[PDB]
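# Analysis of the macromolecular model
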Amino acid sequence: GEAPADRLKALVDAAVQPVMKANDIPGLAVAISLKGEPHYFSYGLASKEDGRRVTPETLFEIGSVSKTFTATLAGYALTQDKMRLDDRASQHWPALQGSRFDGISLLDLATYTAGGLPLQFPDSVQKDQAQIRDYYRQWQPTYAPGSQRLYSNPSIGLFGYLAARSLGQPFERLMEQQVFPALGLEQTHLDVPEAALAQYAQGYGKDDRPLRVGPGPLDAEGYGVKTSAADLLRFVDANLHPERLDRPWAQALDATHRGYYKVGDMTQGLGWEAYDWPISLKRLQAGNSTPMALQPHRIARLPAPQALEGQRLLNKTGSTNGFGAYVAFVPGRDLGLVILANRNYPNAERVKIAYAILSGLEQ
Ligand SMILES: *[B@@]([O])(O[C][C][O])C1=[C][C]=[C][C]=[C]1
Ligand SMILES: [Cl-]
């Protein structure tokens with residue numbers, strides 16, 4: 001019958017449309033993996049000015065969802081014995097020898113517990129090897145490594161950069177030549193080809209100023225990925241089924257499904273952040289709130305790494321000045337979703353769309 005497809009469209013429309021109107025989102029793509037099948041729902045405009053509609057192939061900036069790709073490359077380095085999570089950071093970049101990175105682990109960098117590395121590089125640090133070098137050489141922790149989580153692009157960016165160093169190639173090259181092809185991703189880019197630019201959505205800010213992400217230090221590692229809803233769902237499906245990949249990449253994905261500590265309801269993995277499932281919408285919003293991004297929190301370390309599988313929701317938000325993304329999946333239910341928009345709209349609203357969809361699929 002047509003009832004299931006009609007029901008799914010009705011559910012996704014009912015979840016998405018009021019939130020798009022309420023946050024004046026010009027265009028939004030949803031992709032859902034359900035019972036081993038992909039489903040796409042596209043809304044609105046990729047560009048208000050030329051009238052290009054969103055499709056499942058439209059490219060959006062995914063911001064910090066890029067950190068899950070960065071974690072997958074690090075997973076590869078780790079499970080190939082090129083690095084270990086307890087290595088000191090300076091083991092992998094001689095320029096950092098003699099700095100405070102002699103006493104900071106790769107795990108600390110990956111999980112934002114190095115001791116107060118900030119949300120962003122200061123404006124004074126441009127996309128320049130020497131300026132990035134000099135930034136880290138001069139940095140000092142605010143509190144003991146391993147004690148407080150402070151969400152940080154310089155932190156996990158350095159983790160990614162060191163993972164690439166451990167593999168002997170530039171991060172950007174490894175992603176394009178190895179990681180994206182291993183995951184089967186042909187619509188996923190750090191640097192969108194000229195031939196694909198027609199697919200790149202416009203981003204919109206205050207007063208609808210047009211905003212696409214510019215170059216910045218460790219941009220590739222932290223927030224560099226542009227992808228389509230269809231490709232990002234393929235990446236979600238790889239996370240749901242790492243066993244469908246060749247074993248070296250399966251292991252790499254598995255390494256991003258291990259939790260190291262808790263803050264409140266959230267368990268921190270490499271890239272991914274996990275919750276018990278089910279949990280209330282308000283608790284999931286709290287985990288994805290502004291204070292979780294901007295303020296330090298004392299961690300509760302786990303006695304050993306915890307498998308992030310079964311009845312858990314793994315998620316990540318991502319933002320750039322013009323874009324807002326959210327990905328969530330439930331390993332034990334073989335369920336995944338992607339929500340990509342061309343406005344940076346509040347995380348709570350992203351989570352509200354996802355939760356309405358997940359609730360509807362349950363009920
Ligand atoms: B990233 O998009 O994280 C915010 C949404 O969780 C991000 C963080 C810091 C700098 C650039 C991008
Ligand atoms: Cl930054």
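Details of the structure are given in the entry above.
In this report, the structure presented in the accompanying data block is examined. (Residues numbered from 1 in each chain as written, not as in the entry; some residues may be left out. Chains lettered and ligands numbered in written order. Heavy atoms only, no water. Residues with missing side-chain atoms left out of burial classes, pairs and counts.)

Applying the stated criterion to the full structure yields 14 salt bridges. Salt-bridge contacts for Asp-134 lead to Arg-133; the nearest nitrogen and oxygen are separated by 2.8 Å. A relative accessible area of 36% means that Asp-134 is categorised as partly exposed. For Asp-208, the salt bridge identified is with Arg-343, shortest N-O distance 2.7 Å. Residue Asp-208 is located in the loop between β5 (188–189) and α7 (219–223), and its partner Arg-343 is located in the loop between β14 (335–341) and α12 (347–362); the two are separated by 135 residues in the primary sequence. We classify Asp-208 as partly exposed; its relative accessible area is 23%. Counted as one network, the salt bridges with shared partners bring together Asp-24, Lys-48, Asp-208 and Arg-343. (Salt bridge = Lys/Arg side-chain N within 4 Å of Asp/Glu carboxyl O. Buried < 20%, exposed > 50% of the residue type's maximum accessible area, 1.4 Å probe, protein only. Helix = DSSP H or I, 4+ residues; strand = E, 2+ residues; numbered from the N terminus.)

Strand order in the open sheet made by the 9 strands is β2-β1-β14-β13-β12-β9-β8-β7-β11, with antiparallel pairing throughout. With one partner strand each, in any of the chains shown, β2 (37–44) and β11 (300–307) form the two edges of the open sheet. When strand polarity is set aside, the average angle formed by the axes of neighbouring strands in this sheet is 25°. Relative to strand β12 (residues 312–319), strand β9 (residues 273–276) is paired through 4 bridges, and the arrangement is antiparallel. Paired with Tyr-275 across the strands is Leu-313, a residue of β12. Across the sheet, α12 lies against β1 (27–34), β12, β13 (324–330) and β14, angled at about 145° from β14, the strand it touches most. (Pairing = 2+ DSSP bridges. Axes fitted to C-alpha atoms, helices over the stretch in contact; angles between N-to-C directions. Contact = heavy atoms within 4.5 Å.)

Our next topic: the sheet that holds β5. Within a sheet, adjacent strands bond to each other through the backbone by hydrogen bonds, running parallel or antiparallel. Strand order in this open sheet of 3 strands is β3-β6-β5, and the pairing throughout is antiparallel. Every other strand in the sheet has two partners, leaving β3 (59–61) and β5 as the edge strands with one partner each. When β3 meets strand β6 (residues 226–228), the two strands line up antiparallel, connected through 3 bridges. From the neighbouring strand, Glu-61 faces β6, where its bridge partner is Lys-226.

We now examine the layout of surface pockets. One number sums up the size of the largest pocket: a volume of about 1100 Å³. Forming the boundary of the largest pocket are 40 residues, of which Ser-64, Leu-119, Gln-120, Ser-319 and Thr-320 lie nearest the centre. Counting only elements with at least two residues in the lining of the largest pocket, the list comes to α11 (290–294), β12 and α12. In terms of residue class, the lining of the largest pocket is made up of 15 nonpolar, 17 polar and 8 charged. (1 Å grid on protein atoms, 1.4 Å probe; cavity = no way out; pocket = protein on both sides within 12 Å on 5 of 7 lines; lining within 4 Å. Points joined across faces, edges and corners; volume = space filled by probe spheres on them. Nonpolar A, V, L, I, M, F, W, Y, C, P; charged D, E, K, R; others polar.)

Turning our eyes to something else, we now look at the environment of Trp-139. Structurally, the position occupied by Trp-139 is in the loop between α4 (129–138) and β4 (148–149). Exposure remark for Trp-139: the relative accessible area of 6% places this residue in the buried category. Spatially, the C-alpha atoms of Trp-139 and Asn-315 are 30 Å apart, while their sequence positions differ by 176 residues. Leaving out residues up to four positions away in the same chain, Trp-139 has contacts with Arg-100, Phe-101, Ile-104, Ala-114, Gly-115, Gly-116 and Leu-117.

Moving on to the site of ligand 1. For ligand 1, the full set of nearby residues is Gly-63, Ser-64, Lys-67, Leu-119, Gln-120, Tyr-151, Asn-153, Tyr-223, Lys-316, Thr-317, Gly-318 and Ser-319. At a separation of 2.3 Å, an oxygen atom of ligand 1 approaches a polar side-chain atom of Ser-64. Burial of ligand 1 by the protein chains amounts to 85% of its free accessible area of 340 Å². Placement of ligand 1 is best described as lying within the largest pocket. The element contributing the most residues to the shell around ligand 1 is β12, with 4 residues. Class assignment for the residues of the shell around ligand 1 results in 3 nonpolar, 7 polar and 2 charged. (Near = heavy atom within 4 Å. Polar contact = N/O pair within 3.5 Å; in protein donor to acceptor, adjacent residues only side chain to side chain. Areas by Shrake-Rupley, 256 points an atom, 1.4 Å probe, with all protein chains shown as cover. Sits in = over half its atoms within 2 Å of the grid points.)

Okay, the packing of aromatic side chains next. With the rule as written, the count across this model stands at 14 aromatic pairs. Here the aromatic rings of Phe-101 and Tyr-136 are separated by 5.5 Å at their centres, their planes lie at 90°, and the arrangement is edge-to-face. Here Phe-101, found in the loop between α2 (66–79) and α3 (106–110), pairs with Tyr-136, found in helix α4; they are 35 residues apart in sequence, far enough to count as distant. Take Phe-101: its relative accessible area is 0%, and that puts it in the buried class. Ring centres of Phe-121 and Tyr-136 lie 5.8 Å apart, and the angle between their planes is 75°; this geometry places the pair in the edge-to-face category. Within this pair, whereas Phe-121 is found in the loop between α3 and α4, its partner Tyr-136 is found in helix α4, the two being separated by 15 residues in sequence. Since its relative accessible area comes to 10%, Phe-121 is described here as buried. Take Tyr-136: its relative accessible area is 0%, and that puts it in the buried class. What links up through ring pairs into an aromatic cluster is the set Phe-69, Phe-180, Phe-235, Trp-272 and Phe-329. Here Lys-48 stacks its cationic end above the ring of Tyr-204, 6.0 Å away from the centre of that ring. The aromatic ring of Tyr-200 is capped on one face by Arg-212, whose charged end is 5.0 Å from the ring centroid. (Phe/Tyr/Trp six-rings, centres within 6.5 Å; stacked < 30°, edge-to-face > 60°. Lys NZ or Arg CZ within 6 Å of the ring centre and 35° of its normal.)

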